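Q: File coords-v2.json below, JSON, C-alpha atoms:
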```json
[["chain", "number", "residue", "atom", "x", "y", "z"],
["A", 1, "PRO", "CA", 100.58, 84.16, 73.61],
["A", 2, "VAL", "CA", 102.37, 86.70, 71.37],
["A", 3, "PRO", "CA", 105.87, 87.64, 72.79],
["A", 4, "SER", "CA", 106.61, 91.22, 74.00],
["A", 5, "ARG", "CA", 109.69, 93.19, 75.18],
["A", 6, "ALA", "CA", 110.32, 96.57, 76.91],
["A", 7, "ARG", "CA", 110.47, 99.69, 74.64],
["A", 8, "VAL", "CA", 113.37, 101.06, 76.81],
["A", 9, "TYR", "CA", 116.40, 99.53, 78.63],
["A", 10, "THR", "CA", 115.58, 96.25, 76.83],
["A", 11, "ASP", "CA", 119.07, 94.71, 76.87],
["A", 12, "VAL", "CA", 120.67, 96.39, 79.95],
["A", 13, "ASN", "CA", 121.05, 93.04, 81.79],
["A", 14, "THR", "CA", 122.04, 91.06, 78.65],
["A", 15, "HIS", "CA", 125.13, 93.29, 78.22],
["A", 16, "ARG", "CA", 126.20, 92.97, 81.88],
["A", 17, "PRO", "CA", 128.16, 90.26, 83.63],
["A", 18, "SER", "CA", 126.47, 87.31, 85.29],
["A", 19, "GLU", "CA", 127.40, 88.59, 88.77],
["A", 20, "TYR", "CA", 125.19, 91.70, 88.44],
["A", 21, "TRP", "CA", 121.97, 89.74, 87.85],
["A", 22, "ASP", "CA", 122.68, 86.21, 89.18],
["A", 23, "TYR", "CA", 121.33, 86.85, 92.66],
["A", 24, "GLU", "CA", 121.39, 83.07, 93.50],
["A", 25, "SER", "CA", 125.24, 83.04, 93.13],
["A", 26, "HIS", "CA", 125.65, 86.26, 95.23],
["A", 27, "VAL", "CA", 127.74, 86.01, 98.44],
["A", 28, "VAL", "CA", 126.01, 87.72, 101.37],
["A", 29, "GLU", "CA", 128.22, 88.99, 104.23],
["A", 30, "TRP", "CA", 126.56, 89.62, 107.65],
["A", 31, "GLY", "CA", 127.43, 92.55, 109.89],
["A", 32, "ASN", "CA", 127.46, 92.79, 113.68],
["A", 33, "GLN", "CA", 123.86, 92.85, 114.88],
["A", 34, "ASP", "CA", 125.52, 93.98, 118.20],
["A", 35, "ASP", "CA", 126.30, 97.34, 116.47],
["A", 36, "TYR", "CA", 122.51, 98.09, 116.55],
["A", 37, "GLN", "CA", 120.22, 98.80, 119.50],
["A", 38, "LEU", "CA", 116.52, 98.25, 118.70],
["A", 39, "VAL", "CA", 114.47, 101.27, 119.97],
["A", 40, "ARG", "CA", 110.80, 100.64, 118.92],
["A", 41, "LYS", "CA", 108.53, 98.64, 116.56],
["A", 42, "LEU", "CA", 107.46, 100.76, 113.51],
["A", 43, "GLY", "CA", 105.21, 98.21, 111.79],
["A", 44, "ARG", "CA", 104.60, 94.63, 110.64],
["A", 45, "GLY", "CA", 104.28, 93.01, 107.20],
["A", 46, "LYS", "CA", 103.54, 89.43, 106.00],
["A", 47, "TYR", "CA", 107.05, 88.04, 106.74],
["A", 48, "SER", "CA", 108.78, 91.18, 108.19],
["A", 49, "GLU", "CA", 108.88, 93.21, 111.45],
["A", 50, "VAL", "CA", 110.28, 96.74, 111.11],
["A", 51, "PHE", "CA", 112.05, 98.55, 113.98],
["A", 52, "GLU", "CA", 113.62, 101.93, 114.59],
["A", 53, "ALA", "CA", 117.18, 101.42, 115.84],
["A", 54, "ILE", "CA", 120.45, 103.18, 116.76],
["A", 55, "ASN", "CA", 123.77, 102.33, 115.14],
["A", 56, "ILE", "CA", 125.89, 102.42, 118.39],
["A", 57, "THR", "CA", 129.22, 102.96, 116.50],
["A", 58, "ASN", "CA", 128.03, 106.44, 115.27],
["A", 59, "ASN", "CA", 124.79, 107.27, 117.29],
["A", 60, "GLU", "CA", 122.77, 107.41, 114.02],
["A", 61, "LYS", "CA", 119.10, 106.40, 113.61],
["A", 62, "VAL", "CA", 118.47, 103.44, 111.29],
["A", 63, "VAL", "CA", 115.56, 101.23, 110.31],
["A", 64, "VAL", "CA", 115.98, 97.46, 110.87],
["A", 65, "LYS", "CA", 113.66, 95.15, 108.89],
["A", 66, "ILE", "CA", 113.75, 91.64, 110.41],
["A", 67, "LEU", "CA", 112.74, 89.09, 107.76],
["A", 68, "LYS", "CA", 110.90, 85.86, 108.64],
["A", 69, "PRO", "CA", 113.22, 83.56, 106.54],
["A", 70, "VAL", "CA", 110.39, 81.90, 104.57],
["A", 71, "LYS", "CA", 112.27, 81.91, 101.17],
["A", 72, "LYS", "CA", 116.09, 82.24, 101.13],
["A", 73, "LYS", "CA", 116.39, 82.75, 97.30],
["A", 74, "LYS", "CA", 113.94, 85.72, 97.65],
["A", 75, "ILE", "CA", 116.02, 87.33, 100.47],
["A", 76, "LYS", "CA", 119.11, 87.03, 98.19],
["A", 77, "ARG", "CA", 117.24, 88.69, 95.29],
["A", 78, "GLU", "CA", 116.19, 91.66, 97.49],
["A", 79, "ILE", "CA", 119.75, 92.06, 98.96],
["A", 80, "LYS", "CA", 121.34, 91.91, 95.45],
["A", 81, "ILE", "CA", 118.89, 94.46, 93.97],
["A", 82, "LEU", "CA", 119.35, 96.79, 97.01],
["A", 83, "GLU", "CA", 123.16, 96.58, 96.62],
["A", 84, "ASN", "CA", 122.95, 97.34, 92.84],
["A", 85, "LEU", "CA", 120.65, 100.37, 93.38],
["A", 86, "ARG", "CA", 122.48, 101.75, 96.45],
["A", 87, "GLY", "CA", 122.84, 105.53, 96.10],
["A", 88, "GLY", "CA", 120.36, 105.81, 93.21],
["A", 89, "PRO", "CA", 118.07, 108.89, 93.42],
["A", 90, "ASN", "CA", 115.21, 108.42, 95.91],
["A", 91, "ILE", "CA", 116.05, 104.69, 96.38],
["A", 92, "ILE", "CA", 116.10, 103.52, 100.04],
["A", 93, "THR", "CA", 119.74, 102.96, 101.09],
["A", 94, "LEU", "CA", 120.62, 99.50, 102.42],
["A", 95, "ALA", "CA", 123.14, 100.44, 105.13],
["A", 96, "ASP", "CA", 123.94, 96.87, 106.29],
["A", 97, "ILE", "CA", 122.80, 93.23, 106.38],
["A", 98, "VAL", "CA", 122.90, 91.71, 109.86],
["A", 99, "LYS", "CA", 122.18, 88.30, 111.29],
["A", 100, "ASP", "CA", 121.59, 88.21, 115.06],
["A", 101, "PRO", "CA", 124.36, 86.05, 116.67],
["A", 102, "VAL", "CA", 121.78, 83.82, 118.48],
["A", 103, "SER", "CA", 118.61, 83.94, 116.23],
["A", 104, "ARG", "CA", 120.52, 84.03, 112.87],
["A", 105, "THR", "CA", 117.33, 85.72, 111.44],
["A", 106, "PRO", "CA", 118.21, 87.87, 108.39],
["A", 107, "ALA", "CA", 117.83, 91.60, 109.01],
["A", 108, "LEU", "CA", 118.19, 94.47, 106.56],
["A", 109, "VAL", "CA", 119.40, 97.78, 107.90],
["A", 110, "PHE", "CA", 118.31, 100.94, 106.08],
["A", 111, "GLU", "CA", 118.79, 104.71, 106.28],
["A", 112, "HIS", "CA", 116.19, 106.23, 108.59],
["A", 113, "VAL", "CA", 113.29, 108.07, 106.93],
["A", 114, "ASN", "CA", 111.09, 110.22, 109.15],
["A", 115, "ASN", "CA", 107.84, 109.41, 107.24],
["A", 116, "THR", "CA", 104.87, 111.84, 107.27],
["A", 117, "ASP", "CA", 101.37, 110.14, 107.32],
["A", 118, "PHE", "CA", 99.60, 109.60, 103.92],
["A", 119, "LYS", "CA", 96.02, 109.81, 105.42],
["A", 120, "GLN", "CA", 97.08, 113.27, 106.75],
["A", 121, "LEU", "CA", 99.05, 114.27, 103.57],
["A", 122, "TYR", "CA", 96.44, 113.82, 100.72],
["A", 123, "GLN", "CA", 94.27, 116.53, 102.48],
["A", 124, "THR", "CA", 97.05, 119.19, 102.93],
["A", 125, "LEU", "CA", 98.70, 118.35, 99.51],
["A", 126, "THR", "CA", 98.51, 121.12, 96.86],
["A", 127, "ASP", "CA", 98.37, 120.67, 93.02],
["A", 128, "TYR", "CA", 102.13, 121.51, 92.99],
["A", 129, "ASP", "CA", 102.97, 119.03, 95.85],
["A", 130, "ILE", "CA", 101.45, 116.14, 93.78],
["A", 131, "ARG", "CA", 103.55, 117.17, 90.68],
["A", 132, "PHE", "CA", 106.82, 117.50, 92.73],
["A", 133, "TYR", "CA", 106.51, 114.08, 94.47],
["A", 134, "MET", "CA", 105.36, 112.35, 91.22],
["A", 135, "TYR", "CA", 108.56, 113.68, 89.59],
["A", 136, "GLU", "CA", 110.58, 112.29, 92.59],
["A", 137, "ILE", "CA", 109.03, 108.78, 92.07],
["A", 138, "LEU", "CA", 109.74, 108.98, 88.35],
["A", 139, "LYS", "CA", 113.45, 109.75, 89.20],
["A", 140, "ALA", "CA", 113.56, 106.49, 91.23],
["A", 141, "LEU", "CA", 111.73, 104.48, 88.55],
["A", 142, "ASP", "CA", 113.74, 105.79, 85.58],
["A", 143, "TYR", "CA", 116.89, 104.99, 87.60],
["A", 144, "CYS", "CA", 115.90, 101.42, 88.59],
["A", 145, "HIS", "CA", 114.47, 100.62, 85.06],
["A", 146, "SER", "CA", 117.84, 101.88, 83.59],
["A", 147, "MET", "CA", 119.51, 99.45, 86.08],
["A", 148, "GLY", "CA", 117.46, 96.58, 84.56],
["A", 149, "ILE", "CA", 115.13, 96.31, 87.54],
["A", 150, "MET", "CA", 111.30, 96.35, 87.75],
["A", 151, "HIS", "CA", 110.08, 97.24, 91.29],
["A", 152, "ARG", "CA", 106.77, 95.26, 90.82],
["A", 153, "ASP", "CA", 105.21, 96.71, 94.06],
["A", 154, "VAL", "CA", 104.71, 100.47, 93.41],
["A", 155, "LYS", "CA", 101.94, 101.70, 95.82],
["A", 156, "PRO", "CA", 101.63, 104.54, 98.46],
["A", 157, "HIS", "CA", 102.73, 102.19, 101.35],
["A", 158, "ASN", "CA", 106.07, 101.74, 99.48],
["A", 159, "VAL", "CA", 106.69, 105.50, 99.10],
["A", 160, "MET", "CA", 108.17, 107.16, 102.26],
["A", 161, "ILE", "CA", 107.93, 110.98, 102.41],
["A", 162, "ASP", "CA", 109.69, 113.40, 104.78],
["A", 163, "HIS", "CA", 107.46, 116.41, 103.79],
["A", 164, "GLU", "CA", 109.35, 118.90, 106.05],
["A", 165, "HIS", "CA", 112.62, 118.16, 104.19],
["A", 166, "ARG", "CA", 110.78, 117.38, 100.85],
["A", 167, "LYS", "CA", 112.60, 113.97, 100.80],
["A", 168, "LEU", "CA", 111.08, 110.91, 99.09],
["A", 169, "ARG", "CA", 112.28, 107.25, 99.13],
["A", 170, "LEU", "CA", 110.95, 104.24, 97.22],
["A", 171, "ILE", "CA", 111.07, 101.26, 99.61],
["A", 172, "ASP", "CA", 110.38, 97.47, 99.84],
["A", 173, "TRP", "CA", 112.29, 95.87, 96.98],
["A", 174, "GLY", "CA", 111.19, 92.38, 98.17],
["A", 175, "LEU", "CA", 109.12, 91.83, 94.99],
["A", 176, "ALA", "CA", 111.64, 93.51, 92.62],
["A", 177, "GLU", "CA", 113.12, 91.52, 89.74],
["A", 178, "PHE", "CA", 115.73, 91.72, 86.99],
["A", 179, "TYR", "CA", 114.30, 92.44, 83.55],
["A", 180, "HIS", "CA", 115.48, 89.92, 80.91],
["A", 181, "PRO", "CA", 113.78, 90.27, 77.46],
["A", 182, "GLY", "CA", 111.57, 87.28, 76.58],
["A", 183, "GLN", "CA", 111.47, 86.03, 80.21],
["A", 184, "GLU", "CA", 108.10, 84.80, 81.60],
["A", 185, "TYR", "CA", 107.54, 86.14, 85.11],
["A", 186, "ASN", "CA", 105.21, 85.13, 87.98],
["A", 187, "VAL", "CA", 102.04, 87.31, 87.78],
["A", 188, "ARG", "CA", 101.44, 86.98, 91.58],
["A", 189, "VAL", "CA", 103.21, 90.31, 92.29],
["A", 190, "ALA", "CA", 102.17, 93.90, 93.28],
["A", 191, "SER", "CA", 99.21, 94.71, 95.56],
["A", 192, "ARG", "CA", 95.67, 94.06, 94.13],
["A", 193, "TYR", "CA", 94.66, 97.72, 93.53],
["A", 194, "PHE", "CA", 97.92, 98.48, 91.65],
["A", 195, "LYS", "CA", 98.10, 95.25, 89.61],
["A", 196, "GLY", "CA", 98.41, 95.91, 85.89],
["A", 197, "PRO", "CA", 96.00, 94.29, 83.38],
["A", 198, "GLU", "CA", 98.94, 92.06, 82.24],
["A", 199, "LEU", "CA", 98.99, 90.35, 85.70],
["A", 200, "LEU", "CA", 95.20, 90.02, 85.95],
["A", 201, "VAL", "CA", 94.95, 88.30, 82.50],
["A", 202, "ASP", "CA", 98.01, 86.03, 83.26],
["A", 203, "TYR", "CA", 100.31, 87.61, 80.59],
["A", 204, "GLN", "CA", 103.75, 86.55, 81.90],
["A", 205, "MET", "CA", 106.03, 88.44, 79.44],
["A", 206, "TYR", "CA", 105.65, 91.82, 81.16],
["A", 207, "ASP", "CA", 108.32, 94.51, 81.81],
["A", 208, "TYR", "CA", 109.12, 97.91, 83.49],
["A", 209, "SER", "CA", 105.76, 99.19, 82.10],
["A", 210, "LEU", "CA", 104.04, 97.29, 84.99],
["A", 211, "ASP", "CA", 105.46, 99.99, 87.33],
["A", 212, "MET", "CA", 104.00, 102.76, 85.12],
["A", 213, "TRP", "CA", 100.46, 101.29, 85.47],
["A", 214, "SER", "CA", 100.89, 101.22, 89.30],
["A", 215, "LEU", "CA", 102.15, 104.81, 89.25],
["A", 216, "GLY", "CA", 99.02, 105.80, 87.20],
["A", 217, "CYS", "CA", 96.79, 104.22, 89.88],
["A", 218, "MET", "CA", 98.55, 106.30, 92.58],
["A", 219, "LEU", "CA", 98.23, 109.48, 90.52],
["A", 220, "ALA", "CA", 94.46, 108.81, 89.89],
["A", 221, "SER", "CA", 93.91, 108.40, 93.67],
["A", 222, "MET", "CA", 95.75, 111.67, 94.56],
["A", 223, "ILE", "CA", 94.21, 114.06, 91.99],
["A", 224, "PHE", "CA", 90.60, 112.69, 92.26],
["A", 225, "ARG", "CA", 90.80, 111.96, 96.07],
["A", 226, "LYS", "CA", 89.51, 108.36, 95.49],
["A", 227, "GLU", "CA", 91.62, 105.71, 97.32],
["A", 228, "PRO", "CA", 92.04, 103.22, 95.77],
["A", 229, "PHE", "CA", 91.05, 104.32, 92.26],
["A", 230, "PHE", "CA", 90.36, 100.74, 91.07],
["A", 231, "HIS", "CA", 88.79, 99.02, 94.10],
["A", 232, "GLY", "CA", 88.76, 95.31, 93.24],
["A", 233, "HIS", "CA", 87.62, 92.76, 95.87],
["A", 234, "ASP", "CA", 89.75, 89.92, 94.42],
["A", 235, "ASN", "CA", 92.10, 89.58, 91.38],
["A", 236, "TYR", "CA", 89.24, 88.72, 88.98],
["A", 237, "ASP", "CA", 87.07, 91.63, 90.19],
["A", 238, "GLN", "CA", 90.14, 93.90, 89.90],
["A", 239, "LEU", "CA", 90.05, 93.55, 86.08],
["A", 240, "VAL", "CA", 86.26, 94.24, 86.11],
["A", 241, "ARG", "CA", 86.95, 97.52, 88.06],
["A", 242, "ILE", "CA", 89.51, 98.56, 85.41],
["A", 243, "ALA", "CA", 87.07, 97.48, 82.61],
["A", 244, "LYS", "CA", 84.39, 99.80, 84.16],
["A", 245, "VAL", "CA", 86.71, 102.80, 83.33],
["A", 246, "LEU", "CA", 88.66, 101.82, 80.15],
["A", 247, "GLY", "CA", 85.78, 99.79, 78.60],
["A", 248, "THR", "CA", 85.58, 96.12, 77.53],
["A", 249, "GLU", "CA", 86.21, 97.03, 73.81],
["A", 250, "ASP", "CA", 89.88, 98.06, 74.43],
["A", 251, "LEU", "CA", 90.32, 95.03, 76.75],
["A", 252, "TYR", "CA", 89.42, 92.60, 73.93],
["A", 253, "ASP", "CA", 91.73, 94.65, 71.60],
["A", 254, "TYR", "CA", 94.54, 94.13, 74.20],
["A", 255, "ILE", "CA", 93.93, 90.32, 74.62],
["A", 256, "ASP", "CA", 93.68, 89.89, 70.76],
["A", 257, "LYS", "CA", 96.97, 91.83, 70.20],
["A", 258, "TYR", "CA", 98.85, 89.43, 72.50],
["A", 259, "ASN", "CA", 96.70, 86.30, 71.77],
["A", 260, "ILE", "CA", 95.82, 86.06, 75.53],
["A", 261, "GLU", "CA", 93.37, 83.30, 76.62],
["A", 262, "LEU", "CA", 90.94, 84.81, 79.18],
["A", 263, "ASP", "CA", 90.38, 82.70, 82.29],
["A", 264, "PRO", "CA", 86.83, 81.13, 82.34],
["A", 265, "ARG", "CA", 86.27, 82.92, 85.71],
["A", 266, "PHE", "CA", 85.85, 86.21, 83.74],
["A", 267, "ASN", "CA", 82.88, 84.82, 81.71],
["A", 268, "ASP", "CA", 80.10, 85.61, 84.26],
["A", 269, "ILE", "CA", 81.64, 88.84, 85.79],
["A", 270, "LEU", "CA", 83.23, 90.94, 83.00],
["A", 271, "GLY", "CA", 80.04, 91.97, 81.19],
["A", 272, "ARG", "CA", 80.10, 94.84, 78.66],
["A", 273, "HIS", "CA", 81.33, 98.35, 79.51],
["A", 274, "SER", "CA", 81.92, 101.71, 77.75],
["A", 275, "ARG", "CA", 85.16, 103.75, 77.93],
["A", 276, "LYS", "CA", 84.74, 106.62, 80.49],
["A", 277, "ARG", "CA", 85.98, 110.27, 80.14],
["A", 278, "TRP", "CA", 88.58, 111.19, 82.85],
["A", 279, "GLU", "CA", 86.66, 114.49, 83.45],
["A", 280, "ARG", "CA", 83.74, 112.45, 84.99],
["A", 281, "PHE", "CA", 85.88, 111.87, 88.15],
["A", 282, "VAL", "CA", 86.24, 115.68, 88.73],
["A", 283, "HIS", "CA", 84.15, 116.92, 91.73],
["A", 284, "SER", "CA", 84.04, 119.87, 94.22],
["A", 285, "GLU", "CA", 86.41, 118.07, 96.67],
["A", 286, "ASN", "CA", 89.16, 117.40, 94.07],
["A", 287, "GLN", "CA", 88.95, 120.08, 91.27],
["A", 288, "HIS", "CA", 91.78, 122.19, 92.86],
["A", 289, "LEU", "CA", 94.13, 119.17, 92.12],
["A", 290, "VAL", "CA", 92.85, 118.42, 88.54],
["A", 291, "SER", "CA", 94.04, 120.13, 85.31],
["A", 292, "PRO", "CA", 93.91, 119.28, 81.54],
["A", 293, "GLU", "CA", 97.70, 118.42, 81.78],
["A", 294, "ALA", "CA", 97.07, 116.06, 84.76],
["A", 295, "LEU", "CA", 94.23, 114.31, 82.84],
["A", 296, "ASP", "CA", 96.30, 113.95, 79.65],
["A", 297, "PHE", "CA", 99.20, 112.52, 81.71],
["A", 298, "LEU", "CA", 96.91, 110.01, 83.53],
["A", 299, "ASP", "CA", 95.35, 108.92, 80.21],
["A", 300, "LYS", "CA", 98.88, 108.17, 78.90],
["A", 301, "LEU", "CA", 99.71, 105.89, 81.94],
["A", 302, "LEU", "CA", 96.42, 104.06, 82.51],
["A", 303, "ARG", "CA", 96.29, 102.03, 79.26],
["A", 304, "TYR", "CA", 95.63, 98.31, 78.82],
["A", 305, "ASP", "CA", 98.45, 97.86, 76.34],
["A", 306, "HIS", "CA", 101.63, 97.79, 78.47],
["A", 307, "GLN", "CA", 103.63, 98.83, 75.33],
["A", 308, "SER", "CA", 101.43, 101.99, 74.83],
["A", 309, "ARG", "CA", 102.09, 103.43, 78.35],
["A", 310, "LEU", "CA", 104.62, 106.26, 78.80],
["A", 311, "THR", "CA", 108.06, 105.04, 79.99],
["A", 312, "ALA", "CA", 109.42, 106.80, 83.17],
["A", 313, "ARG", "CA", 111.64, 109.08, 80.99],
["A", 314, "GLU", "CA", 108.77, 110.04, 78.55],
["A", 315, "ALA", "CA", 106.57, 110.73, 81.63],
["A", 316, "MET", "CA", 109.29, 113.12, 83.06],
["A", 317, "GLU", "CA", 109.07, 115.15, 79.79],
["A", 318, "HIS", "CA", 105.22, 115.57, 80.04],
["A", 319, "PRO", "CA", 103.76, 119.15, 80.28],
["A", 320, "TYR", "CA", 102.33, 118.15, 83.72],
["A", 321, "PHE", "CA", 105.92, 118.56, 85.09],
["A", 322, "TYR", "CA", 106.83, 121.90, 83.34],
["A", 323, "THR", "CA", 106.20, 123.61, 86.76],
["A", 324, "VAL", "CA", 108.76, 121.42, 88.62]]
```
Mind turning this structure into structure tokens?
A:
Amino acid sequence: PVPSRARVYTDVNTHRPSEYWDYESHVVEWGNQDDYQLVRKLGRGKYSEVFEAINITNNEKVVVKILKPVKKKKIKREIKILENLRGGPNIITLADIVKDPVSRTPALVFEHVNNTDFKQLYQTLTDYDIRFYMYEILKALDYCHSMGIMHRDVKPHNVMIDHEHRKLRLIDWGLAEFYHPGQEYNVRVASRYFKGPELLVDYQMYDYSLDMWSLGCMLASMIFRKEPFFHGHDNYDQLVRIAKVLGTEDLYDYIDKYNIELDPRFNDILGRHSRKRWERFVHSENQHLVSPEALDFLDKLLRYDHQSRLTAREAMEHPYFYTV
């Protein structure tokens, strides 16, 4: 395959010391798990249980995410990235890292976010509300990309919103990674519906632009009221769902540009498809959330060619955000 590199923040990690990006060499210091009283279970992930807690030393609410220690090198990567991004705009704040004295299970302690339900939100959300919160996610992404970090798991479940206080936080940095130009990354990242074409075709030399595809998917779901926008049933089908909107012509143009070898599993499922007009997704239920500016913006994010997508900073300058 043809090599590729990010159009922005390309060498931010190359010009920094080894300590900033060498998460394997990072020294982790545990706190007193005894300083926290677990109140209630908030949810459960693959290898994590999340609890609402009280920091007893200051009577403040916190969120404790207890990690099933399945991969130690991965826990170190998440801790290092959370420490580097601490205090960045709309980035979840890692307050502490505790190990329980008896269990010794790693636990990350975060600032409490009083999240408002997404199933309930997308019905009460106005055209302006979508623009405001999209700008808030772009603040977080432009910050973390400038810090040489790709989130690699942008999706609505990883965006916490306190609608009453108009506060937004980008969470779950467990899949995040340091961007190094020329590096070949594992494509088994992000959640199926938000996976960029680069991951689905096994193009390993991807960058921050992966996050911009995912953001485009979230935007497309909010404005059109279609969740998810690209509803794949597996990773192979996911590309077929994308191909049903952006056409097979541009897909072959993308794989030819980067000399990508398509997996034989795509032979009997890809077929032939035309490029669709974004206006075809406009209906009575969603038209109050759609505008020419919103459609132009979406068109500029949802592109096969990872290099052709708007960067987080270019996206922030789009006419769609002139009202924010």
Q: Measure the distance from CA of residue 36 (chain A) to CA of residue 79 (chain A) in Å and round it to one decimal.
A: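 Separation of CA of residue 36 (chain A) and CA of residue 79 (chain A): 18.8 Å.
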Q: Figure out the distance between CA of residue 219 (chain A) and CA of residue 8 (chain A), please, to one decimal in Å.
A: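 These two atoms are separated by 22.1 Å.
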Q: Which residue gives the smallest distance to residue 322 (chain A) among A:201, A:294, A:215, A:243, with only C-alpha atoms counted?
A: A:294
Q: Suppose you want the space between CA of residue 154 (chain A) and CA of residue 211 (chain A); what is it in Å?
A: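 According to the coordinates, CA of residue 154 (chain A) and CA of residue 211 (chain A) are separated by 6.1 Å.
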Q: Write out as a list in words the residues lying within 12 Å of residue 182 (chain A), counting all atoms listed in the file and excluding same-chain residues fewer than 4 positions away.
A: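 Listed by chain and then number, they are residues 1, 2, 3, 4, 5, 6, 10, 11, 14, 203, 204, 205, 206 and 207 of chain A.
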Q: Under the rule that all atoms listed in the file are counted, which of A:238, A:32, A:58, A:209 is the nearest residue to residue 98 (chain A)?
A: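 Result for the nearest residue to residue 98 (chain A): A:32.
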Q: Give me the residues near residue 314 (chain A) as a list in words, where near means some atom within 12 Å (using only C-alpha atoms) and where sequence neighbours in that chain fewer than 3 positions away do not count.
A: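 Near residue 314 (chain A), the qualifying residues are residues 7, 8, 135, 138, 139, 141, 142, 209, 212, 297, 300, 301, 308, 309, 310, 311, 317, 318, 319, 320 and 321 of chain A.
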Q: Skipping near chain neighbours, those fewer than 6 positions away, what residues fall within 12 Å of region 39-48 of chain A using only C-alpha atoms, listed as a ChimeraX atom specification?
A: /A:54-56,60-71,74-75,105-108,112-115,157-158,172,174
Q: Ranking A:27, A:251, A:171, A:130 by minimum distance to residue 221 (chain A) and counting all atoms listed in the file, which one comes first?
A: A:130
Q: I'd like the neighbourhood of residue 20 (chain A) as a list in words, where a residue qualifies if any of its atoms comes within 12 Å (using all atoms listed in the file), though same-chain residues fewer than 2 positions away should be ignored.
A: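 Here the answer would be residues 12, 13, 14, 15, 16, 17, 18, 22, 23, 24, 25, 26, 27, 77, 79, 80, 81, 82, 83, 84, 85, 147, 148, 149, 178 and 179 of chain A.
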Q: Residues within 12 Å of region 277-289 of chain A, please, as a VMD selection string. Count all atoms listed in the file; anything in the same chain fewer than 2 positions from it doesn't count.
A: chain A and resid 122 to 131 219 to 226 229 244 to 247 274 to 275 291 to 300 302 320
Q: So, counting all atoms listed in the file, which residue among A:253, A:227, A:153, A:100 is closest to residue 177 (chain A)?
A: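 Using all atoms listed in the file, residue 177 (chain A) sits closest to A:153.
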